[PDB]
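File shown: run-v9.cif (mmCIF, N, CA, C and O atoms).
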data_structure
loop_
_atom_site.group_PDB
_atom_site.id
_atom_site.type_symbol
_atom_site.label_atom_id
_atom_site.label_comp_id
_atom_site.auth_asym_id
_atom_site.auth_seq_id
_atom_site.Cartn_x
_atom_site.Cartn_y
_atom_site.Cartn_z
ATOM 1 N N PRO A 1 -105.594 -107.598 -164.897
ATOM 2 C CA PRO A 1 -105.685 -108.539 -163.776
ATOM 3 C C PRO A 1 -105.942 -109.960 -164.249
ATOM 4 O O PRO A 1 -106.713 -110.186 -165.184
ATOM 5 N N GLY A 2 -105.293 -110.921 -163.603
ATOM 6 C CA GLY A 2 -105.462 -112.312 -163.976
ATOM 7 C C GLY A 2 -104.285 -112.853 -164.764
ATOM 8 O O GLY A 2 -104.031 -114.055 -164.762
ATOM 9 N N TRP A 3 -103.571 -111.959 -165.440
ATOM 10 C CA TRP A 3 -102.412 -112.350 -166.234
ATOM 11 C C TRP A 3 -101.355 -113.010 -165.356
ATOM 12 O O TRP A 3 -101.172 -112.636 -164.198
ATOM 13 N N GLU A 4 -100.655 -113.993 -165.916
ATOM 14 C CA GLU A 4 -99.615 -114.700 -165.184
ATOM 15 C C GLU A 4 -98.437 -115.026 -166.100
ATOM 16 O O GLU A 4 -98.178 -114.317 -167.071
ATOM 17 N N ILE A 5 -97.718 -116.099 -165.776
ATOM 18 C CA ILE A 5 -96.554 -116.504 -166.552
ATOM 19 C C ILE A 5 -96.251 -117.988 -166.351
ATOM 20 O O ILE A 5 -95.979 -118.429 -165.234
ATOM 21 N N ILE A 6 -96.296 -118.750 -167.439
ATOM 22 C CA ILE A 6 -96.021 -120.184 -167.372
ATOM 23 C C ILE A 6 -95.152 -120.630 -168.544
ATOM 24 O O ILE A 6 -94.479 -119.820 -169.174
ATOM 25 N N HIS A 7 -95.175 -121.929 -168.825
ATOM 26 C CA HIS A 7 -94.389 -122.492 -169.914
ATOM 27 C C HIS A 7 -95.292 -123.079 -170.990
ATOM 28 O O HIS A 7 -96.219 -123.830 -170.697
ATOM 29 N N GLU A 8 -95.012 -122.726 -172.243
ATOM 30 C CA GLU A 8 -95.804 -123.219 -173.366
ATOM 31 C C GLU A 8 -95.140 -124.433 -174.011
ATOM 32 O O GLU A 8 -95.652 -125.551 -173.934
ATOM 33 N N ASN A 9 -93.994 -124.205 -174.649
ATOM 34 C CA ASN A 9 -93.262 -125.275 -175.310
ATOM 35 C C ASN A 9 -91.820 -125.342 -174.819
ATOM 36 O O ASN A 9 -91.021 -126.141 -175.311
ATOM 37 N N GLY A 10 -91.495 -124.500 -173.843
ATOM 38 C CA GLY A 10 -90.148 -124.477 -173.302
ATOM 39 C C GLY A 10 -89.747 -123.109 -172.791
ATOM 40 O O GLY A 10 -88.844 -122.988 -171.963
ATOM 41 N N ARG A 11 -90.419 -122.073 -173.289
ATOM 42 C CA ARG A 11 -90.124 -120.706 -172.883
ATOM 43 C C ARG A 11 -91.237 -120.142 -172.007
ATOM 44 O O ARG A 11 -92.402 -120.506 -172.162
ATOM 45 N N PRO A 12 -90.899 -119.236 -171.069
ATOM 46 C CA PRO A 12 -91.880 -118.617 -170.179
ATOM 47 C C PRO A 12 -92.677 -117.520 -170.871
ATOM 48 O O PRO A 12 -92.125 -116.482 -171.244
ATOM 49 N N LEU A 13 -93.971 -117.749 -171.052
ATOM 50 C CA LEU A 13 -94.835 -116.782 -171.715
ATOM 51 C C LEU A 13 -95.942 -116.290 -170.787
ATOM 52 O O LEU A 13 -96.315 -116.975 -169.832
ATOM 53 N N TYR A 14 -96.459 -115.104 -171.081
ATOM 54 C CA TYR A 14 -97.533 -114.517 -170.289
ATOM 55 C C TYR A 14 -98.834 -115.279 -170.494
ATOM 56 O O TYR A 14 -99.183 -115.642 -171.617
ATOM 57 N N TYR A 15 -99.547 -115.517 -169.403
ATOM 58 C CA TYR A 15 -100.804 -116.257 -169.447
ATOM 59 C C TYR A 15 -101.969 -115.397 -168.963
ATOM 60 O O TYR A 15 -101.771 -114.277 -168.494
ATOM 61 N N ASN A 16 -103.185 -115.918 -169.095
ATOM 62 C CA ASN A 16 -104.386 -115.212 -168.666
ATOM 63 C C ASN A 16 -105.608 -116.112 -168.762
ATOM 64 O O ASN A 16 -105.953 -116.595 -169.839
ATOM 65 N N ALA A 17 -106.263 -116.349 -167.628
ATOM 66 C CA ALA A 17 -107.440 -117.208 -167.584
ATOM 67 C C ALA A 17 -108.710 -116.395 -167.354
ATOM 68 O O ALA A 17 -109.798 -116.789 -167.774
ATOM 69 N N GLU A 18 -108.568 -115.259 -166.673
ATOM 70 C CA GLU A 18 -109.706 -114.398 -166.379
ATOM 71 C C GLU A 18 -110.385 -113.930 -167.662
ATOM 72 O O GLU A 18 -111.607 -113.787 -167.713
ATOM 73 N N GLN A 19 -109.583 -113.700 -168.696
ATOM 74 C CA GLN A 19 -110.101 -113.263 -169.984
ATOM 75 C C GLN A 19 -109.671 -114.225 -171.088
ATOM 76 O O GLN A 19 -109.903 -113.974 -172.272
ATOM 77 N N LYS A 20 -109.038 -115.323 -170.688
ATOM 78 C CA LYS A 20 -108.562 -116.329 -171.630
ATOM 79 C C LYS A 20 -107.636 -115.702 -172.673
ATOM 80 O O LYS A 20 -107.940 -115.698 -173.866
ATOM 81 N N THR A 21 -106.513 -115.170 -172.208
ATOM 82 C CA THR A 21 -105.543 -114.537 -173.095
ATOM 83 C C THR A 21 -104.155 -115.137 -172.908
ATOM 84 O O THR A 21 -103.886 -115.814 -171.915
ATOM 85 N N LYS A 22 -103.279 -114.891 -173.877
ATOM 86 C CA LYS A 22 -101.915 -115.404 -173.834
ATOM 87 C C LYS A 22 -100.997 -114.535 -174.681
ATOM 88 O O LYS A 22 -101.444 -113.899 -175.632
ATOM 89 N N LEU A 23 -99.712 -114.510 -174.326
ATOM 90 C CA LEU A 23 -98.729 -113.724 -175.072
ATOM 91 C C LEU A 23 -97.328 -113.913 -174.497
ATOM 92 O O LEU A 23 -97.119 -114.731 -173.605
ATOM 93 N N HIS A 24 -96.378 -113.146 -175.021
ATOM 94 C CA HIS A 24 -94.998 -113.215 -174.568
ATOM 95 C C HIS A 24 -94.509 -111.843 -174.112
ATOM 96 O O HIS A 24 -93.399 -111.705 -173.601
ATOM 97 N N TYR A 25 -95.353 -110.833 -174.301
ATOM 98 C CA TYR A 25 -95.017 -109.469 -173.919
ATOM 99 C C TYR A 25 -96.265 -108.588 -173.904
ATOM 100 O O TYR A 25 -97.211 -108.833 -174.650
ATOM 101 N N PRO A 26 -96.288 -107.554 -173.045
ATOM 102 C CA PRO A 26 -97.430 -106.638 -172.944
ATOM 103 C C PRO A 26 -97.639 -105.835 -174.227
ATOM 104 O O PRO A 26 -96.791 -105.855 -175.119
ATOM 105 N N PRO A 27 -98.776 -105.119 -174.340
ATOM 106 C CA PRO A 27 -99.086 -104.296 -175.514
ATOM 107 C C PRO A 27 -97.905 -103.441 -175.953
ATOM 108 O O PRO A 27 -97.192 -102.877 -175.120
#
Here is the file; what I need is its structure written in the form of structure tokens.
Amino acid sequence: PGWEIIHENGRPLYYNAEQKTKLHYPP
């Protein structure tokens, strides 16, 4: 929960503020 999706340097990557996480794909 909390994970989202935004733009880092041009590509849409997964975001997360609830746990302060980031990525481009799930586990």
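Residues lying within 8 Å of residue 25 of chain A, counting only N, CA, C and O atoms and ignoring same-chain neighbours fewer than 5 positions away, are residues 12, 13, 14 and 15 of chain A.
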Strand (DSSP E) per DSSP on the backbone: members of chain A, as an MDAnalysis selection string:
chainID A and resid 3:7 12:16 21:23
Result set of the PyMOL selection byres ((chain A and resi 1) around 7) on the coordinates above, as a VMD selection string
chain A and resid 2 to 4 16 to 19
Enclosing box along x, y and z for every listed atom of segment 17-25 of chain A, padded 4 Å each side, centre and size in Å, one decimal, as AutoDock Vina command-line options:
--center_x -102.5 --center_y -112.9 --center_z -171.0 --size_x 26.2 --size_y 16.6 --size_z 17.3
For atom CA of residue 26 of chain A and atom O of residue 9 of chain A, determine how far apart the two atoms are, in Å to one decimal place.
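For atom CA of residue 26 of chain A relative to atom O of residue 9 of chain A, the distance reads 20.7 Å.
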